[PDB]
Amino acid sequence: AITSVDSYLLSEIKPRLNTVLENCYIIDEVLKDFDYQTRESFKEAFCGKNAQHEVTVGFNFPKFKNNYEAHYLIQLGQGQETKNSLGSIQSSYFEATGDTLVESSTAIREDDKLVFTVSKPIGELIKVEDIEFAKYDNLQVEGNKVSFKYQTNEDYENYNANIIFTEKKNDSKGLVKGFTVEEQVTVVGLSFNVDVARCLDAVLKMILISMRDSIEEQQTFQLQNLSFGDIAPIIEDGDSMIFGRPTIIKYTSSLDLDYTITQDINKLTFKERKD
Amino acid sequence: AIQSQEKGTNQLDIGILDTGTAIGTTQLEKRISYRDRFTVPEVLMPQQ
């Protein structure tokens with residue numbers, strides 16, 4: 001599973017940043033240490049549902065003009081290989097598996113079992129929220145749905161559960177070959193007003209903190225490290241300077257490829273010899 | 001009066017940017033100051 005850190009960063013940042021800027025309480029919590037003036041100015045400009053001004057995020061070298069009132073700029077940076085396993089072997093799988101999904105699913109009644117439906121089939125069930133099925137419940141997964149004994153659990157006929165599971169792709173089996181890569185990605189906020197840049201950097205730090213609970217980087221992009229540069233004038237040739245403070249984010253991910261195996265043994269030929 | 005008007009374009013990682021030099025000459029008795037602002041309604045500029 002080749003990793004595109006930049007796209008993941010963008011997808012995590014955009015909705016999360018919009019949600020954070022949606023409400024004032026979270027912003028006030030974030031900007032507790034800042035002075036009244038800059039805090040209130042940033043809140044007036046960008047914060048709130050009905051904010052007239054808006055921030056943006058995008059990759060570097062855009063052929064079009066880019067808004068320099070407040071923008072998050074991303075560039076890919078360097079990368080390095082840090083650790084390897086014997087034969088480049090990372091893991092072995094019997095059934096092809098895709099991404100790990102989290103889905104909410106209300107309990108349902110079936111003639112012998114309570115069940116939960118899901119969007120897609122199941123390759124493996126990791127966890128059901130606040131449940132530890134015993135032998136009596138006889139937890140079974142049958143494609144799309146997971147099921148447990150009806151009678152002794154009948155109080156929970158409409159349990160508002162949620163599920164963490166894994167997609168199923170194929171029944172084939174193979175080996176995972178790959179290594180670990182230690183990658184650096186640079187993120188910088190741009191603004192002709194330095195105070196806006198400072199507040200933007202603080203918001204960036206908070207959303208990076210919040211991201212650590214995300215499933216994907218919990219499973220794929222562990223060992224997050226941060227590093228901040230100095231406030232510098234990005235450009236001097238305009239009528240007014242652009243000010244930005246670059247930040248460097250580090251991640252560790254496992255670049256890997258699935259090598260299928262067609263060998264399947266189903267018969268044995270134990271015979272003696274004579275001389 | 002205005003001369004040498006230039007629409008100098010710099011293409012960078014942040015994006016494209018319009019900046020250039022234009023040399024002007026005033027009337028008598030007028031004392032301009034740093035970062036004064038002028039606007040020419042007559043002349044229109046294309047942008048995309």
# chains A, B, ... in the order shown; residues from 1 in each chain; ligands from 1
>>> interface_residues(of="chain B", to="chain A", cutoff="8 Å", atoms="only C-alpha atoms", output="list in words")
residues 11, 12, 13, 14, 15, 16, 17, 18 and 19 of chain B
>>> select_by_dssp(residues="chain B", states="strand (DSSP E)", output="MDAnalysis selection string")
chainID B and resid 2:3 9:12 15:18 23:24
>>> residues_around(residues="range 25-35 of chain A", least_positions_apart="2", cutoff="9 Å", atoms="only C-alpha atoms", output="list in words")
residues 20, 21, 22, 23, 37, 38, 39, 40, 43, 47, 199, 202, 203 and 206 of chain A
>>> closest_residue(among="A:207, A:181, A:231, A:255", to="residue 80 in chain A", atoms="only C-alpha atoms")
A:181
>>> residues_around(residues="residue 154 in chain A", least_positions_apart="2", cutoff="12 Å", atoms="only C-alpha atoms", output="MDAnalysis selection string")
chainID A and resid 107:115 137 148:152 156:159
>>> write_last_selection(atoms="N, CA, C and O atoms", output="PDB file, in the first residue's frame")
ATOM      1  N   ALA A 107     -28.384  -2.364  16.017  1.00  0.00           N
ATOM      2  CA  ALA A 107     -28.718  -3.778  16.118  1.00  0.00           C
ATOM      3  C   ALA A 107     -30.065  -4.087  15.474  1.00  0.00           C
ATOM      4  O   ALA A 107     -30.954  -3.235  15.392  1.00  0.00           O
ATOM      5  N   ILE A 108     -30.205  -5.332  15.014  1.00  0.00           N
ATOM      6  CA  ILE A 108     -31.384  -5.812  14.301  1.00  0.00           C
ATOM      7  C   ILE A 108     -31.714  -7.195  14.850  1.00  0.00           C
ATOM      8  O   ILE A 108     -30.833  -7.907  15.338  1.00  0.00           O
ATOM      9  N   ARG A 109     -32.989  -7.577  14.769  1.00  0.00           N
ATOM     10  CA  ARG A 109     -33.440  -8.876  15.253  1.00  0.00           C
ATOM     11  C   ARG A 109     -33.567  -9.846  14.086  1.00  0.00           C
ATOM     12  O   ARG A 109     -34.208  -9.535  13.078  1.00  0.00           O
ATOM     13  N   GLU A 110     -32.949 -11.017  14.237  1.00  0.00           N
ATOM     14  CA  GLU A 110     -33.139 -12.155  13.351  1.00  0.00           C
ATOM     15  C   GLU A 110     -33.586 -13.354  14.178  1.00  0.00           C
ATOM     16  O   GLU A 110     -33.299 -13.453  15.374  1.00  0.00           O
ATOM     17  N   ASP A 111     -34.314 -14.252  13.514  1.00  0.00           N
ATOM     18  CA  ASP A 111     -35.083 -15.299  14.178  1.00  0.00           C
ATOM     19  C   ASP A 111     -34.277 -16.077  15.214  1.00  0.00           C
ATOM     20  O   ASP A 111     -34.846 -16.565  16.199  1.00  0.00           O
ATOM     21  N   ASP A 112     -32.966 -16.219  15.007  1.00  0.00           N
ATOM     22  CA  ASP A 112     -32.097 -16.879  15.971  1.00  0.00           C
ATOM     23  C   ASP A 112     -31.020 -15.979  16.559  1.00  0.00           C
ATOM     24  O   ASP A 112     -30.426 -16.351  17.575  1.00  0.00           O
ATOM     25  N   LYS A 113     -30.749 -14.819  15.960  1.00  0.00           N
ATOM     26  CA  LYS A 113     -29.581 -14.021  16.305  1.00  0.00           C
ATOM     27  C   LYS A 113     -29.939 -12.544  16.245  1.00  0.00           C
ATOM     28  O   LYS A 113     -30.765 -12.128  15.430  1.00  0.00           O
ATOM     29  N   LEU A 114     -29.327 -11.760  17.126  1.00  0.00           N
ATOM     30  CA  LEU A 114     -29.172 -10.334  16.876  1.00  0.00           C
ATOM     31  C   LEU A 114     -28.016 -10.128  15.908  1.00  0.00           C
ATOM     32  O   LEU A 114     -27.009 -10.836  15.967  1.00  0.00           O
ATOM     33  N   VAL A 115     -28.163  -9.147  15.012  1.00  0.00           N
ATOM     34  CA  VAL A 115     -27.177  -8.891  13.970  1.00  0.00           C
ATOM     35  C   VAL A 115     -26.950  -7.397  13.786  1.00  0.00           C
ATOM     36  O   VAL A 115     -27.786  -6.564  14.145  1.00  0.00           O
ATOM     37  N   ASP A 137     -22.432 -16.381  23.412  1.00  0.00           N
ATOM     38  CA  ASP A 137     -22.975 -15.555  22.341  1.00  0.00           C
ATOM     39  C   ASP A 137     -22.569 -16.058  20.960  1.00  0.00           C
ATOM     40  O   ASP A 137     -23.250 -15.753  19.975  1.00  0.00           O
ATOM     41  N   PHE A 148     -24.957 -12.626  16.789  1.00  0.00           N
ATOM     42  CA  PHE A 148     -24.798 -13.250  18.097  1.00  0.00           C
ATOM     43  C   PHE A 148     -26.163 -13.698  18.613  1.00  0.00           C
ATOM     44  O   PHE A 148     -27.208 -13.208  18.177  1.00  0.00           O
ATOM     45  N   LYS A 149     -26.130 -14.649  19.551  1.00  0.00           N
ATOM     46  CA  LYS A 149     -27.334 -15.337  20.017  1.00  0.00           C
ATOM     47  C   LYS A 149     -28.410 -14.393  20.552  1.00  0.00           C
ATOM     48  O   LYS A 149     -28.145 -13.482  21.343  1.00  0.00           O
ATOM     49  N   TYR A 150     -29.633 -14.653  20.089  1.00  0.00           N
ATOM     50  CA  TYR A 150     -30.814 -13.831  20.339  1.00  0.00           C
ATOM     51  C   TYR A 150     -31.300 -13.901  21.785  1.00  0.00           C
ATOM     52  O   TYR A 150     -31.589 -12.867  22.399  1.00  0.00           O
ATOM     53  N   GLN A 151     -31.404 -15.108  22.345  1.00  0.00           N
ATOM     54  CA  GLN A 151     -32.234 -15.317  23.532  1.00  0.00           C
ATOM     55  C   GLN A 151     -31.728 -14.564  24.761  1.00  0.00           C
ATOM     56  O   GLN A 151     -32.436 -13.716  25.317  1.00  0.00           O
ATOM     57  N   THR A 152     -30.504 -14.856  25.197  1.00  0.00           N
ATOM     58  CA  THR A 152     -29.982 -14.281  26.435  1.00  0.00           C
ATOM     59  C   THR A 152     -29.619 -12.802  26.318  1.00  0.00           C
ATOM     60  O   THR A 152     -29.336 -12.171  27.343  1.00  0.00           O
ATOM     61  N   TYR A 156     -31.259  -6.086  24.333  1.00  0.00           N
ATOM     62  CA  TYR A 156     -30.458  -5.146  23.549  1.00  0.00           C
ATOM     63  C   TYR A 156     -30.867  -5.121  22.078  1.00  0.00           C
ATOM     64  O   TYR A 156     -30.034  -4.915  21.193  1.00  0.00           O
ATOM     65  N   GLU A 157     -32.158  -5.335  21.809  1.00  0.00           N
ATOM     66  CA  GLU A 157     -32.651  -5.546  20.449  1.00  0.00           C
ATOM     67  C   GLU A 157     -32.365  -4.375  19.515  1.00  0.00           C
ATOM     68  O   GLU A 157     -32.411  -4.546  18.291  1.00  0.00           O
ATOM     69  N   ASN A 158     -32.076  -3.191  20.056  1.00  0.00           N
ATOM     70  CA  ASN A 158     -31.935  -1.983  19.251  1.00  0.00           C
ATOM     71  C   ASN A 158     -30.664  -1.230  19.627  1.00  0.00           C
ATOM     72  O   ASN A 158     -30.592  -0.004  19.485  1.00  0.00           O
ATOM     73  N   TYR A 159     -29.668  -1.962  20.117  1.00  0.00           N
ATOM     74  CA  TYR A 159     -28.414  -1.388  20.587  1.00  0.00           C
ATOM     75  C   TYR A 159     -27.744  -0.547  19.507  1.00  0.00           C
ATOM     76  O   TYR A 159     -27.469  -1.029  18.405  1.00  0.00           O
TER      77      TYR A 159
END
>>> residues_around(residues="range 22-37 of chain B", least_positions_apart="3", cutoff="7 Å", atoms="only C-alpha atoms", output="mmCIF file with C-alpha atoms, in the first residue's frame")
data_model
loop_
_atom_site.group_PDB
_atom_site.id
_atom_site.type_symbol
_atom_site.label_atom_id
_atom_site.label_comp_id
_atom_site.auth_asym_id
_atom_site.auth_seq_id
_atom_site.Cartn_x
_atom_site.Cartn_y
_atom_site.Cartn_z
ATOM 1 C CA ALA B 1 2.654 61.779 -15.929
ATOM 2 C CA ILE B 2 3.568 58.076 -15.897
ATOM 3 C CA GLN B 3 6.277 56.084 -17.693
ATOM 4 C CA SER B 4 7.941 52.676 -17.976
ATOM 5 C CA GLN B 5 4.857 50.856 -16.634
ATOM 6 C CA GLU B 6 5.740 47.181 -16.058
#
>>> decode(residues="range 15-35 of chain B", atoms="N, CA and C atoms", output="PDB file, in the first residue's frame")
ATOM      1  N   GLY B  15       2.772  30.765  -5.671  1.00  0.00           N
ATOM      2  CA  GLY B  15       1.922  31.113  -6.789  1.00  0.00           C
ATOM      3  C   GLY B  15       2.479  32.262  -7.597  1.00  0.00           C
ATOM      4  N   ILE B  16       1.699  32.663  -8.601  1.00  0.00           N
ATOM      5  CA  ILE B  16       2.038  33.818  -9.419  1.00  0.00           C
ATOM      6  C   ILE B  16       1.819  35.107  -8.638  1.00  0.00           C
ATOM      7  N   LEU B  17       2.583  36.136  -8.993  1.00  0.00           N
ATOM      8  CA  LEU B  17       2.526  37.405  -8.285  1.00  0.00           C
ATOM      9  C   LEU B  17       2.838  38.520  -9.269  1.00  0.00           C
ATOM     10  N   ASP B  18       2.041  39.583  -9.218  1.00  0.00           N
ATOM     11  CA  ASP B  18       2.190  40.734 -10.100  1.00  0.00           C
ATOM     12  C   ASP B  18       2.873  41.869  -9.347  1.00  0.00           C
ATOM     13  N   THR B  19       4.049  42.270  -9.826  1.00  0.00           N
ATOM     14  CA  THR B  19       4.787  43.368  -9.218  1.00  0.00           C
ATOM     15  C   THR B  19       5.699  43.972 -10.274  1.00  0.00           C
ATOM     16  N   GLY B  20       5.698  45.298 -10.372  1.00  0.00           N
ATOM     17  CA  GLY B  20       6.544  45.961 -11.347  1.00  0.00           C
ATOM     18  C   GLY B  20       6.697  47.435 -11.051  1.00  0.00           C
ATOM     19  N   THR B  21       7.665  48.030 -11.741  1.00  0.00           N
ATOM     20  CA  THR B  21       8.016  49.430 -11.561  1.00  0.00           C
ATOM     21  C   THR B  21       7.294  50.310 -12.573  1.00  0.00           C
ATOM     22  N   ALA B  22       6.793  51.443 -12.089  1.00  0.00           N
ATOM     23  CA  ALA B  22       6.228  52.496 -12.921  1.00  0.00           C
ATOM     24  C   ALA B  22       6.723  53.836 -12.400  1.00  0.00           C
ATOM     25  N   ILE B  23       7.274  54.656 -13.289  1.00  0.00           N
ATOM     26  CA  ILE B  23       7.904  55.920 -12.918  1.00  0.00           C
ATOM     27  C   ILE B  23       6.963  57.058 -13.278  1.00  0.00           C
ATOM     28  N   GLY B  24       6.663  57.893 -12.285  1.00  0.00           N
ATOM     29  CA  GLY B  24       5.751  59.012 -12.431  1.00  0.00           C
ATOM     30  C   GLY B  24       6.380  60.361 -12.142  1.00  0.00           C
ATOM     31  N   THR B  25       5.799  61.422 -12.705  1.00  0.00           N
ATOM     32  CA  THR B  25       6.276  62.782 -12.485  1.00  0.00           C
ATOM     33  C   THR B  25       5.081  63.687 -12.216  1.00  0.00           C
ATOM     34  N   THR B  26       5.128  64.386 -11.085  1.00  0.00           N
ATOM     35  CA  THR B  26       4.025  65.188 -10.580  1.00  0.00           C
ATOM     36  C   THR B  26       4.038  66.611 -11.139  1.00  0.00           C
ATOM     37  N   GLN B  27       3.101  67.417 -10.644  1.00  0.00           N
ATOM     38  CA  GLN B  27       3.082  68.860 -10.828  1.00  0.00           C
ATOM     39  C   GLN B  27       3.976  69.549  -9.796  1.00  0.00           C
ATOM     40  N   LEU B  28       4.041  70.875  -9.896  1.00  0.00           N
ATOM     41  CA  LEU B  28       4.699  71.702  -8.893  1.00  0.00           C
ATOM     42  C   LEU B  28       3.860  71.818  -7.624  1.00  0.00           C
ATOM     43  N   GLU B  29       4.551  72.111  -6.522  1.00  0.00           N
ATOM     44  CA  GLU B  29       4.059  72.450  -5.188  1.00  0.00           C
ATOM     45  C   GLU B  29       3.458  71.262  -4.451  1.00  0.00           C
ATOM     46  N   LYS B  30       3.510  70.064  -5.020  1.00  0.00           N
ATOM     47  CA  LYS B  30       2.918  68.851  -4.473  1.00  0.00           C
ATOM     48  C   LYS B  30       4.027  68.058  -3.793  1.00  0.00           C
ATOM     49  N   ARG B  31       3.823  67.727  -2.521  1.00  0.00           N
ATOM     50  CA  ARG B  31       4.801  67.004  -1.710  1.00  0.00           C
ATOM     51  C   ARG B  31       4.217  65.645  -1.344  1.00  0.00           C
ATOM     52  N   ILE B  32       4.514  64.669  -2.198  1.00  0.00           N
ATOM     53  CA  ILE B  32       4.105  63.286  -2.001  1.00  0.00           C
ATOM     54  C   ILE B  32       4.878  62.684  -0.832  1.00  0.00           C
ATOM     55  N   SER B  33       4.304  61.636  -0.242  1.00  0.00           N
ATOM     56  CA  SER B  33       4.902  60.936   0.883  1.00  0.00           C
ATOM     57  C   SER B  33       4.974  59.442   0.603  1.00  0.00           C
ATOM     58  N   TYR B  34       5.815  58.771   1.384  1.00  0.00           N
ATOM     59  CA  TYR B  34       6.026  57.340   1.221  1.00  0.00           C
ATOM     60  C   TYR B  34       4.737  56.550   1.419  1.00  0.00           C
ATOM     61  N   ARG B  35       4.522  55.593   0.518  1.00  0.00           N
ATOM     62  CA  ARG B  35       3.347  54.717   0.483  1.00  0.00           C
ATOM     63  C   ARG B  35       2.042  55.482   0.255  1.00  0.00           C
TER      64      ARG B  35
END
